[PDB]
Amino acid sequence: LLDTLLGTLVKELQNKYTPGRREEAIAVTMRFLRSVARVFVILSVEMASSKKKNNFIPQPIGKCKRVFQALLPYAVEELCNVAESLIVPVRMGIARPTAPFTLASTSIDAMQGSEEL
Amino acid sequence: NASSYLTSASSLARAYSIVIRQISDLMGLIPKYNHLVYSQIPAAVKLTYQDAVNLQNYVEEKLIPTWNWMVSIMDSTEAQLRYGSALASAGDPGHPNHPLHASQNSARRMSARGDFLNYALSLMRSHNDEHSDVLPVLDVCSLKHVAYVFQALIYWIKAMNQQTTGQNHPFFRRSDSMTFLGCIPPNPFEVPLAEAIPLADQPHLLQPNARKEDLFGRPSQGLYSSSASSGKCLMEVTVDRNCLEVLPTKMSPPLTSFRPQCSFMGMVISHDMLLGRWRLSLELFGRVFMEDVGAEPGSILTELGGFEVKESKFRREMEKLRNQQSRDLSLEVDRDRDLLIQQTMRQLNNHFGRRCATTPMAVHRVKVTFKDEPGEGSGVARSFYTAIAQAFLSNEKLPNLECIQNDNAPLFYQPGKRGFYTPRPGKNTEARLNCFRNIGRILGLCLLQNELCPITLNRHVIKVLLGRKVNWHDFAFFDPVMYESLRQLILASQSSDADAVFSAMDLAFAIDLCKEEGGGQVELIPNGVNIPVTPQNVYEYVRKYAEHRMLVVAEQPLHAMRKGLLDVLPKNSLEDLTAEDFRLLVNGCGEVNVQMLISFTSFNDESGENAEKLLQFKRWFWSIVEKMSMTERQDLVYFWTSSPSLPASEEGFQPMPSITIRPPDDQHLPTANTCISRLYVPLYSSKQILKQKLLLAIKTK
Amino acid sequence: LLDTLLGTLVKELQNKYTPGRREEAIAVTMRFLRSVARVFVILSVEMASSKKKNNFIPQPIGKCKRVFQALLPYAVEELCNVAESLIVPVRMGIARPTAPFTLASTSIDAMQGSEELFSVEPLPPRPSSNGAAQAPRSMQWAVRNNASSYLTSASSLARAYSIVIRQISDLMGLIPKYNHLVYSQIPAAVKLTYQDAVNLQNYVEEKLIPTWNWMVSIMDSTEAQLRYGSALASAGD
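Protein chains in written order, with the entry's author numbering: chain A, 1397 to 1513; chain B, 1773 to 1881, 1911 to 1966, 2017 to 2103, 2164 to 2317, 2500 to 2794; chain C, 1397 to 1525, 1705 to 1720, 1773 to 1864.
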């Protein structure tokens, strides 16, 4: 399913015959990559990068990485914007206080937290 | 729960680090995009060269503000730390305000208003550089988010850089274990050994919590305004955040050949120079932020980790490896030193028997037995290790080993400082070769068995055992006296009167080696006797003599010890280990520390007396230990845990040795159990009787 | 004593015949004004401005204000520098956590604390020749650990910045009536010209621009968030 979605996005991005189609494809890809970056960051934060077994990629994180690798030039730009958004409150001294939380050692716990979100 | 600002800041910084790591991976995927993504994944976006270049420009422009922020904070904090270190060097340790004082321990022990006033006054004094004779007020533990951001940006720089990628002799060049990344090494000849390599002068400086500056000398940096007007080639001196924020802001085609190059500051940036520039900050970060900021992939704090991370990883790997094989093997050992040597090598050869070659052998536990002496467990194994180490390390003749297949002088000698030993080769018979292989084998066994083998070795012996490359500075650990003589000769060769002095000394390419190695005159080079030593080739002569005195004399001993250690420990775990780490892991701490004993000590009771008497007895015992000498210290540690050396850290002692109090009695000596390393002490009613009984107990061997 | 010090500073500031005297006098005045700003800021932070009895002036605070008025064209610059020094960590998010403290309601209790902070000795020379506990011994002074919160430190530093900015504003508002209010009554005052006042205003605005941008950004953001919340409440279920 993800492969089909990315194929449609890429095919519409590389369109010259239909006028005014590249810009629409750019906007659609931008919004989709923003959503994928949001879910990727949420899942990555909810997890712990354990060195044991050298997994380093669960199934959802792998899907997000594949999406980023597909539309790479726009994925990196959206990632830059997301990172700057995350870091602006930290480097302006306006971060909202929160309570400590334990990082999930497995993936089912990460799914439950993400699903409530 | 806590609902603190710093937790949110650190979490957001971790999210930023995750995104920056993803950006770095994506950016590094471009040079192989047509092979790693386009060909494999069915849906991919065409990528040219110009769009990749514009993409890099976009990423750099977006990352500039956070880069400036992190540079400001890091420069300011490194300046504060360096000024604190300089003031500690130039200050009086007796004053309460000195950094190296107990009052600054931050754990043993003003008002909140006073603390804030100190912080504000420090900021105001530092703004215009008026911070002299007062230690800067900072809290590095509150800069976790800065640590995360620094880690992310250093990962980015390292990833892209890796995408890009006396006489000058590598023998004289300081090795990786010698120098610090990004800082040039001190000149081997200009600085005396007392300051260039303080570890050689005082071997007793090796401790689990040791700063590499004290052991291997203080490094300098080629920075500051001299031939440098870039912005980061100027060495950080100012403390206030305003100046170190103005400085980094006031300075203003096939796709497979991208070669991304990082110019954040208008100049090519190498991560090594950044690590050198923020050395103290990174040391503090690694020592403080390791549980959290040292866990993410590609952590520089992990790569630059000290002894703690390496020892924990090695011990965990050893536990994993020794538990992966169900083959349990043990030995039969008695006291009689000649019989001890014979039975030990025979049983070790039997341990080697029934297997031909190739894969190393792994054991689960060691169960040393004793004839006519009861006892079984880990304690008897530790006793065997200590006894065999002492027997192998006795300066007296050795029993014949003619039954190894069915060389008289002692194996190890002290070339320089007392307590450190290197092999002495004899006739190079197969018996001595097998004995050296056996000593390598039991050193390996003590490595896997988490037990302290006690054979103290010279540091280059440890290098040849671990497979590193010997530098001239390692020669400084051989013997300080004639090493200093060689350094003085090198210095004198630079003088204008070098030729006359060399002719007067009348040195040739031959070495007169005494009986500790075989004796006689050995030619460094063919026809070297007829070739005198000249200032033109003084570097070559010094190289040949220094390396010859310790490397070639014993090719066969060390080279056999190499397989002796390799036949038990696979080569995977010997990497990421230095000589100091191995010495602290096998030999433990050289001297027994009272504070180290206090760190892991628990007390029980069986007499049933009141708590006051038990507390008084514990205080008396601690006072005894404090007023009690080094040889008696090793005697007491032997009487306690059947070993004379404590392991490197708290973990490594199997039982966490404890002390129990027996019902009072003036005629019963204290006892101990090595299998659990528990010391039972009677509740002596008088001080002098307690001292006498304790000294009698520790005097037993 | 303060009058004599200010008189000598003014006399050496308005001396032209001696070569190189004015620059040295300017540097000395800058150093003295930095020290005065430090003591003034510490005293003000230690205190609480109670509206009761409308005192508005403790004895040392009035002395610092007299010093600032006497050397206003340089005192305002030194106060600007002090305010920037106090406000930079707050707006750069690096404030060192501190425990909350009460504010002195009397001038006889604010003297303590300031005494222990200012009346201190320098470090003597060497005779002859959380994971905080895991820090190296030589760096133990650089690591800490009733509350120890970042927000308390940020608020206190912002309070200090507010005090300094209020003093700066009062001094610059005194400029139009400098001759009638400051020059004639005070024995030791500095002559002020119109171009000097214009340069002073430009300097103050240029120094205050960064914190102004910081507050404008934060306040516009939070106001937009609150307005959106109100609109959604009006349009919500």
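We put the beta carbon where it would ideally sit given N, CA and C, even for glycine.
- In terms of CA proximity to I1836/B, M2176/B leads the group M2176/B, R2293/B, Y2632/B and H1870/B.
- If you check the CB distance, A2302/B and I2548/B do not come in under 8 Å.
- At a C-beta separation below 7 Å, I1490/A has these neighbours in chain C: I1845.
- Separation of the CB atoms of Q2258/B and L2526/B is rounded to 18 Å, and the pair is thereby denied contact status at 8 Å.
- Where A1471/C is concerned, there is no enclosing beta strand (DSSP E), although the alpha helix (DSSP H) around it starts and stops at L1468 to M1488.
- Apart from the 5 residues on each side of it in sequence, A1948/B sits with its Cβ closer than 6 Å to the Cβ of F2196, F2200 and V2204 in its chain, given in chain order.
- Below the 8 Å Cβ cutoff, chain B contributes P1814 and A1815 as neighbours of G1403/A, in chain order.
- According to the DSSP secondary-structure assignment, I1836/B is paired through a beta bridge with no residue.
- In summary, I1790/C is buried, with 16 or more beta-carbon neighbours lying within 10 Å of its beta-carbon over all protein chains present.
- Linking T1494/C to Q1822/B through their CA atoms gives a straight-line distance of about 51 Å.
- Remark: three or more beta-carbon pairs, one from each stretch, lie closer than 8 Å, so the segment 1946-1963 of chain B and the segment 2175-2193 of chain B are flagged as touching.
- The beta carbon of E1408/A does not come within 8 Å of any beta carbon belonging to chain B, so the residue lies off that interface.
- Along the segment 1464-1479 of chain A, the positions whose C-beta sits under 9 Å from a C-beta of chain B are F1464, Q1465, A1466, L1467, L1468, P1469, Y1470, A1471, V1472, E1473, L1475, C1476, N1477, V1478 and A1479, read in chain order.
- With respect to chain C, the C-beta atom of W1841/B has a partner C-beta closer than 8 Å.
- Considering only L2032/B, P2070/B and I2035/B, the residue with the shortest C-alpha distance to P2049/B is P2070/B.
- The distance from the Cβ of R2755/B to that of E2699/B is about 6 Å, consistent with a contact at the 8 Å cut-off.
- CA-to-CA, the gap between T1838/C and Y1788/C works out to about 10 Å.
- Runs of alpha helix (DSSP H) with 4 or more residues, each lying fully within the segment 2514-2565 of chain B, are found at 2523-2541 and 2552-2559, listed in chain order.
- Assignment of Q2614/B by DSSP, reduced to helix, strand and coil, places it in the strand class.
- Rounded to the nearest whole angstrom, the C-alpha separation of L1402/C and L1918/B is 27 Å.
- Distance from the CA of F2067/B to the CA of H1870/B, rounded to the nearest whole angstrom, comes to 24 Å.
- Of the candidates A2790/B, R2636/B and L2662/B, the residue whose Cα lies closest to the Cα of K2231/B is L2662/B.
- Beyond the five residues adjoining it in sequence on each side, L1784/C comes within less than 7 Å, by CB distance, of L1482, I1483, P1485, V1486 and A1491 in the same chain, given in chain order.
- CA-CA distance, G2612/B to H2641/B, rounds to 14 Å.
- For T1400/C, the enclosing alpha helix (DSSP H) starts and ends at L1398 to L1409.
- Contact fails between the segment 1815-1835 of chain B and the segment 2024-2043 of chain B, because fewer than three Cβ pairs, one in each stretch, are under 8 Å apart.
- Secondary structure at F2505/B: strand, using DSSP grouped into helix, strand and coil.
- C-alpha of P2039/B to C-alpha of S1844/B: approximately 35 Å in a straight line.
- DSSP places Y2075/B in no beta strand (DSSP E); its state is neither H nor E.
- Closest by C-alpha distance to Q1715/C, out of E2046/B, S2210/B, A2047/B and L1853/B, is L1853/B.
- Residue contact check for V1486/C against chain A: a CB pair falls below 8 Å.
- A straight line joining the alpha-carbon of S1912/B with that of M2086/B spans about 36 Å.
- Nearest CB-CB separation between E1419/C and chain B: not below the 8 Å threshold.
- For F2225/B and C2267/B, the gap between their C-alpha atoms comes out near 28 Å.
- As the crow flies, the alpha-carbon of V2042/B is around 25 Å from that of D1864/B.
- Residue environment for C1476/A: buried (at least 16 other C-beta atoms within 10 angstroms of its C-beta).
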